[PDB]
>>> print(open('final-v2.txt').read())   # compact mmCIF, C-alpha atoms and all ligand atoms
# COMPACT_ATOMS: atom_id res chain seq x y z
CA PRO L 2 91.97 110.26 64.17
CA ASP L 3 95.57 109.11 64.66
CA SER L 4 94.64 106.00 66.67
CA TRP L 5 94.13 103.45 63.88
CA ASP L 6 96.08 103.01 60.66
CA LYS L 7 94.53 104.40 57.48
CA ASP L 8 95.84 101.61 55.22
CA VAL L 9 94.36 98.70 57.19
CA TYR L 10 90.97 100.48 57.16
CA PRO L 11 90.82 102.53 53.94
CA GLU L 12 88.17 105.09 53.08
CA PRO L 13 87.38 107.26 50.03
CA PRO L 14 88.52 110.91 50.07
CA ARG L 15 85.07 112.06 51.31
CA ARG L 16 83.87 114.46 48.64
CA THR L 17 81.07 116.65 50.00
CA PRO L 18 79.09 119.33 48.14
CA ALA L 19 78.93 123.02 49.02
CA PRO L 20 75.68 124.66 50.18
CA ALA L 21 74.07 126.54 47.28
CA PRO L 22 70.73 127.86 48.56
CA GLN L 23 68.16 129.21 46.11
CA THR L 24 65.66 130.68 48.61
CA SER L 25 65.60 133.58 51.05
CA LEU L 26 63.81 131.55 53.73
CA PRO L 27 65.94 130.97 56.85
CA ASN L 28 67.24 127.42 56.70
CA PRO L 29 66.35 125.89 60.09
CA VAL L 30 68.93 123.11 60.25
CA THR L 31 71.75 125.67 60.08
CA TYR L 32 70.37 127.57 63.08
CA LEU L 33 69.79 124.32 64.97
CA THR L 34 73.34 123.15 64.21
CA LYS L 35 74.77 126.47 65.41
CA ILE L 36 72.71 126.27 68.62
CA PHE L 37 73.81 122.66 69.17
CA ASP L 38 77.44 123.66 68.65
CA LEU L 39 77.38 126.65 71.01
CA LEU L 40 75.39 124.78 73.68
CA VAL L 41 76.91 121.25 73.62
CA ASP L 42 80.15 121.05 71.65
CA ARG L 43 81.99 123.74 73.62
CA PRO L 44 81.44 122.38 77.18
CA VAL L 45 82.37 118.84 76.13
CA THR L 46 85.45 120.18 74.32
CA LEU L 47 86.50 122.05 77.47
CA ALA L 48 85.94 118.93 79.59
CA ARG L 49 88.02 116.85 77.18
CA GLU L 50 90.76 119.49 77.23
CA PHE L 51 90.83 119.36 81.04
CA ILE L 52 90.91 115.55 81.06
CA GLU L 53 93.74 115.47 78.51
CA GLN L 54 95.61 118.06 80.58
CA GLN L 55 95.30 115.75 83.59
CA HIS L 56 96.40 112.77 81.49
CA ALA L 57 99.47 114.58 80.13
CA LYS L 58 100.78 115.13 83.67
CA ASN L 59 100.99 111.34 84.14
CA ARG L 60 101.68 109.27 81.01
CA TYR L 61 102.97 105.70 80.88
CA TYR L 62 103.44 103.17 78.09
CA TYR L 63 102.16 99.64 77.51
CA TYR L 64 103.94 97.43 74.99
CA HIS L 65 102.49 94.96 72.50
CA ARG L 66 103.86 91.49 73.21
CA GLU L 67 106.02 89.92 70.51
CA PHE L 68 106.25 86.13 70.31
CA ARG L 69 109.16 84.11 68.98
CA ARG L 70 108.96 81.46 66.25
CA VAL L 71 108.93 77.82 67.36
CA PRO L 72 108.93 74.60 65.30
CA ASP L 73 105.54 73.62 63.91
CA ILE L 74 103.78 70.25 64.01
CA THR L 75 105.16 68.95 60.69
CA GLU L 76 108.71 68.67 62.09
CA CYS L 77 107.52 67.18 65.40
CA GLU L 78 108.33 63.63 66.46
CA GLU L 79 105.38 61.32 66.96
CA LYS L 80 105.72 60.88 70.74
CA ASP L 81 107.73 63.97 71.73
CA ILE L 82 105.18 65.74 73.93
CA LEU L 83 107.07 69.03 74.48
CA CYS L 84 107.48 69.90 70.80
CA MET L 85 103.85 68.95 70.16
CA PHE L 86 102.77 71.27 72.98
CA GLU L 87 104.79 74.16 71.54
CA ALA L 88 103.43 73.52 68.04
CA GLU L 89 99.85 73.35 69.34
CA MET L 90 100.22 76.66 71.18
CA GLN L 91 101.69 78.32 68.08
CA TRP L 92 98.92 76.89 65.89
CA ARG L 93 96.25 78.21 68.27
CA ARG L 94 97.83 81.68 68.21
CA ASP L 95 97.90 81.58 64.40
CA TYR L 96 94.25 80.50 64.36
CA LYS L 97 93.26 83.47 66.53
CA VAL L 98 95.23 85.89 64.33
CA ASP L 99 93.58 84.39 61.24
CA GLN L 100 90.13 84.90 62.75
CA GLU L 101 90.98 88.53 63.49
CA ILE L 102 92.11 88.99 59.87
CA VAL L 103 88.71 87.70 58.73
CA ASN L 104 87.12 90.16 61.17
CA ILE L 105 89.06 93.06 59.62
CA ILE L 106 87.96 92.07 56.12
CA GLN L 107 84.33 91.79 57.25
CA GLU L 108 84.50 95.25 58.82
CA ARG L 109 85.81 96.58 55.51
CA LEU L 110 82.87 94.93 53.72
CA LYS L 111 80.35 96.44 56.14
CA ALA L 112 81.83 99.90 55.62
CA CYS L 113 81.62 99.23 51.86
CA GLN L 114 77.91 98.45 52.11
CA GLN L 115 76.94 101.34 54.37
CA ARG L 116 79.01 104.13 52.81
CA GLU L 117 78.10 103.66 49.13
CA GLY L 118 74.38 104.21 49.72
CA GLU L 119 72.17 102.95 46.91
CA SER L 120 74.94 101.97 44.44
CA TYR L 121 76.70 99.60 46.85
CA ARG L 122 76.32 96.73 44.38
CA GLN L 123 78.82 98.29 41.95
CA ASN L 124 81.03 100.81 43.76
CA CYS L 125 82.87 98.51 46.18
CA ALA L 126 82.65 95.00 44.76
CA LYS L 127 86.42 94.90 45.33
CA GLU L 128 85.74 94.42 49.05
CA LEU L 129 83.39 91.57 48.11
CA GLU L 130 86.14 89.91 46.06
CA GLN L 131 88.66 90.32 48.89
CA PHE L 132 86.21 88.82 51.38
CA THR L 133 85.49 85.94 48.99
CA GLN L 134 89.20 85.11 48.68
CA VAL L 135 89.77 85.45 52.43
CA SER L 136 86.72 83.34 53.32
CA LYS L 137 87.66 80.61 50.84
CA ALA L 138 91.18 80.44 52.28
CA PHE L 139 89.91 80.38 55.87
CA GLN L 140 87.41 77.65 54.99
CA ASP L 141 90.06 75.50 53.32
CA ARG L 142 92.17 76.03 56.45
CA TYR L 143 89.72 75.39 59.32
CA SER L 144 86.38 74.22 57.92
CA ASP L 145 85.56 70.75 59.24
CA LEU L 146 87.88 70.34 62.23
CA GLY L 147 84.94 70.55 64.63
CA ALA L 148 85.34 70.69 68.37
CA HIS L 149 88.50 69.27 69.93
CA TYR L 150 90.49 70.60 66.99
CA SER L 151 94.28 70.36 66.98
CA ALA L 152 97.29 71.04 64.80
CA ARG L 153 97.46 67.34 63.90
CA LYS L 154 93.90 67.38 62.55
CA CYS L 155 94.63 70.47 60.44
CA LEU L 156 97.80 68.81 59.13
CA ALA L 157 95.85 65.65 58.26
CA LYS L 158 93.20 67.68 56.43
CA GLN L 159 95.91 69.55 54.52
CA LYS L 160 97.62 66.27 53.61
CA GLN L 161 94.34 64.88 52.29
CA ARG L 162 93.79 68.05 50.25
CA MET L 163 97.29 67.92 48.75
CA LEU L 164 96.86 64.22 47.92
CA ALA L 165 93.59 65.00 46.14
CA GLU L 166 95.21 67.89 44.26
CA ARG L 167 98.15 65.71 43.21
CA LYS L 168 95.81 62.97 41.98
CA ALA L 169 93.72 65.50 40.05
CA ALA L 170 96.82 67.04 38.45
CA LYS L 171 98.21 63.62 37.50
CA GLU L 172 94.87 62.62 35.96
CA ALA L 173 94.64 65.91 34.05
CA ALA L 174 98.18 65.46 32.71
CA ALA L 175 96.96 62.19 31.13
CA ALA L 176 94.46 63.98 28.87
CA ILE J 121 95.03 93.42 89.11
CA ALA J 122 97.60 91.61 86.96
CA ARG J 123 100.49 92.83 89.13
CA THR J 124 98.82 91.92 92.43
CA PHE J 125 96.90 88.69 91.81
CA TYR J 126 98.46 86.93 88.79
CA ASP J 127 101.81 86.10 87.20
CA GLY J 128 103.25 86.01 83.70
CA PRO J 129 102.24 83.51 81.01
CA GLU J 130 105.73 81.99 80.80
CA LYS J 131 105.29 80.59 84.31
CA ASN J 132 102.19 78.60 83.35
CA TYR J 133 103.79 77.66 80.02
CA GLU J 134 106.85 76.09 81.61
CA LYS J 135 104.80 74.53 84.42
CA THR J 136 102.52 72.71 81.99
CA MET J 137 105.55 71.69 79.92
CA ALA J 138 107.06 70.04 83.01
CA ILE J 139 103.71 68.41 83.86
CA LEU J 140 103.39 67.05 80.31
CA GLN J 141 106.92 65.63 80.46
CA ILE J 142 106.23 63.92 83.80
CA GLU J 143 102.97 62.38 82.58
CA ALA J 144 104.56 61.18 79.33
CA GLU J 145 107.36 59.43 81.21
CA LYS J 146 104.81 57.85 83.55
CA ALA J 147 102.75 56.54 80.62
CA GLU J 148 105.81 55.08 78.90
CA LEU J 149 106.91 53.44 82.15
CA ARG J 150 103.46 51.91 82.66
CA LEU J 151 103.42 50.42 79.17
CA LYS J 152 106.97 49.09 79.59
CA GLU J 153 106.04 47.54 82.94
CA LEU J 154 103.05 45.78 81.39
CA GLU J 155 105.22 44.38 78.59
CA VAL J 156 107.93 43.25 81.03
CA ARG J 157 105.37 41.53 83.25
CA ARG J 158 103.87 39.71 80.27
CA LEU J 159 107.26 38.54 78.99
CA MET J 160 108.56 37.41 82.38
CA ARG J 161 105.36 35.53 83.18
CA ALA J 162 105.50 33.80 79.79
CA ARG J 163 109.17 32.83 80.03
CA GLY J 164 109.86 32.75 83.77
CA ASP J 165 113.55 33.68 83.45
CA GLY J 166 113.17 36.99 85.30
CA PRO J 167 113.21 37.87 88.99
CA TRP J 168 109.41 37.99 89.18
CA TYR J 169 107.01 35.05 88.87
CA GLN J 170 109.59 32.68 90.36
CA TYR J 171 107.86 29.62 91.78
CA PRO J 172 109.68 27.53 94.40
CA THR J 173 111.26 24.19 93.56
CA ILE J 174 112.75 21.44 95.72
CA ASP J 175 115.98 22.42 97.45
CA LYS J 176 118.94 20.27 96.40
CA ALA J 177 120.46 20.51 99.89
CA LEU J 178 117.91 17.97 101.17
CA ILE J 179 119.40 15.12 99.11
CA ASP J 180 121.60 12.63 100.98
CA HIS J 181 124.80 11.74 99.10
CA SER J 182 125.91 8.73 101.13
CA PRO J 183 126.03 4.96 100.67
CA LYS J 184 122.42 3.76 100.45
CA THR J 185 122.96 0.11 101.63
CA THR J 186 122.56 -1.19 98.07
CA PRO J 187 125.23 -0.84 95.37
CA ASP J 188 123.03 0.46 92.53
CA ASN J 189 121.55 3.37 94.53
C1 LIG W 201 91.08 100.80 92.81
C2 LIG W 201 89.61 100.98 93.28
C3 LIG W 201 88.58 100.77 92.13
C4 LIG W 201 88.65 99.32 91.52
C5 LIG W 201 88.36 98.22 92.59
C6 LIG W 201 88.71 96.77 92.08
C7 LIG W 201 88.17 95.66 93.06
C8 LIG W 201 89.18 94.47 93.24
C9 LIG W 201 89.16 93.89 94.71
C10 LIG W 201 88.32 92.58 94.83
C11 LIG W 201 89.22 91.30 95.01
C12 LIG W 201 88.62 90.05 94.28
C13 LIG W 201 88.91 88.71 95.05
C14 LIG W 201 90.00 87.85 94.33
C15 LIG W 201 91.07 87.28 95.34
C16 LIG W 201 92.16 86.41 94.62
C17 LIG W 201 92.93 85.46 95.62
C18 LIG W 201 94.32 85.04 95.07
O1 LIG W 201 94.27 84.96 93.70
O2 LIG W 201 95.28 86.01 95.46
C19 LIG W 201 96.46 85.46 96.01
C20 LIG W 201 96.94 86.34 97.17
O3 LIG W 201 95.82 87.02 97.72
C21 LIG W 201 95.92 88.43 97.65
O4 LIG W 201 96.90 88.87 98.53
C22 LIG W 201 94.56 89.07 98.02
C23 LIG W 201 93.89 88.39 99.25
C24 LIG W 201 92.75 89.28 99.86
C25 LIG W 201 91.36 88.57 99.83
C26 LIG W 201 90.20 89.55 99.45
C27 LIG W 201 89.10 89.66 100.57
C28 LIG W 201 88.63 91.15 100.80
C29 LIG W 201 87.08 91.25 101.09
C30 LIG W 201 86.73 92.35 102.17
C31 LIG W 201 86.21 91.71 103.52
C32 LIG W 201 85.84 92.81 104.61
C33 LIG W 201 85.68 92.20 106.04
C34 LIG W 201 84.93 93.17 107.03
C35 LIG W 201 84.86 92.60 108.48
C36 LIG W 201 83.83 93.35 109.36
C37 LIG W 201 97.55 85.40 94.93
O5 LIG W 201 98.38 84.26 95.20
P1 LIG W 201 100.04 84.48 95.23
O6 LIG W 201 100.73 83.25 94.67
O7 LIG W 201 100.49 84.71 96.65
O8 LIG W 201 100.44 85.81 94.30
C38 LIG W 201 100.81 85.61 92.94
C39 LIG W 201 101.24 86.99 92.32
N1 LIG W 201 102.58 87.46 92.83
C40 LIG W 201 103.49 86.29 92.83
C41 LIG W 201 103.05 88.49 91.86
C42 LIG W 201 102.67 88.07 94.18
>>> encode(input="final-v2.txt", output="structure tokens", more="lines below")
Ligand SMILES: CCCCCCCCCCCCCCCCC[C@@H](O)O[C@H](CO[C@H](O)CCCCCCCCCCCCCCC)COP(=O)(O)OCC[N+](C)(C)C
Amino acid sequence: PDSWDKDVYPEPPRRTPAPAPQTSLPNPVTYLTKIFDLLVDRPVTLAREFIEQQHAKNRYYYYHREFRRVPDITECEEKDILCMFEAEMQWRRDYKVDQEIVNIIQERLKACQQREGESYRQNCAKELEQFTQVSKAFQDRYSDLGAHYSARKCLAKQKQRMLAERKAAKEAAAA
Amino acid sequence: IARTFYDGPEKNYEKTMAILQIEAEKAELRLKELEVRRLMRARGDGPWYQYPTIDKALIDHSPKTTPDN
């Protein structure tokens, strides 16, 4: 429906074949589907129409909270507790958003697997590649912090990684 | 439930900011007090750790019945 966005959760155009019967025998699933429709789908549709009519008479809005941008931990003085607190809160919010991004990618991958039936190995390997990139980035971000993680520990891990990368590049330039 | 029982997040945010500031000042003051106590006990030139000496008002500056002293 119109609830979620079709670009964040994409789907193929849903090609479905037409019924082309080759027998004169009465197909039973068609009759059962018609009976199910007439006996179940109409009362629930009427109930939903009534409930939406009641909802339309009293509608109110809730707003998604928008957070400002505050200085991060890299530009924080060593013993200035207030700026460190703000940076830690911002880093935790970013960590939660990052986890939810990983969740979205994993949901895409699960839809990939289920929808493509038997040929899932080939049809939607693009979702596998996207999940691989996302998982590698998330691992390099928050792999070995452990419990009692903080923005300072993530910064220290990043500094170690950049030092290793710089050393590797300098050694490779001497080849 | 949120309207009746709880408040906004900014309230807790600013409250814990004030608490953090207070505790940081207290920690810095404690460390400074320890350093000051150490220094003034080592040197003795401060108001604390002053040990009494002999008052100079007790001395008698008068002729002592002998010329030398
Ligand atoms: C709508 C119907 C369907 C849904 C039903 C939902 C059920 C919810 C009711 C259950 C209540 C859970 C108990 C939690 C009590 C929280 C206590 C505290 O947090 O509330 C304080 C105040 O207390 C509240 O007024 C509620 C106190 C009522 C205590 C509940 C006891 C009722 C149990 C029934 C006992 C029956 C006795 C029978 C005798 C024979 C808030 O402090 P305050 O800083 O001020 O306000 C801050 C927010 N402001 C600033 C915006 C105003």
>>> interface_residues(input="final-v2.txt", of="chain L", to="chain J", cutoff="8 Å", atoms="only C-alpha atoms", output="MDAnalysis selection string")
chainID L and resid 82:83 86
>>> residues_near_ligand(input="final-v2.txt", ligand="ligand LIG 201 (chain W)", cutoff="6 Å", atoms="all atoms listed in the file", output="list in words")
residues 123, 124, 125, 126 and 127 of chain J
>>> atom_distance(input="final-v2.txt", atom1="atom CA of residue L:100", atom2="atom CA of residue L:141")
13.3 Å
>>> residues_around(input="final-v2.txt", residues="residue L:114", least_positions_apart="5", cutoff="12 Å", atoms="all atoms listed in the file", output="ChimeraX atom specification")
/L:107-109,119-129
>>> atom_distance(input="final-v2.txt", atom1="atom CA of residue L:92", atom2="atom CA of residue L:157")
13.9 Å
>>> atom_distance(input="final-v2.txt", atom1="atom CA of residue L:36", atom2="atom CA of residue L:21")
21.4 Å
>>> residues_near_point(input="final-v2.txt", point="(101.2, 71.9, 67.0)", cutoff="7 Å", atoms="only C-alpha atoms", output="list in words")
residues 73, 74, 85, 86, 87, 88, 89, 90, 91, 92, 152 and 153 of chain L
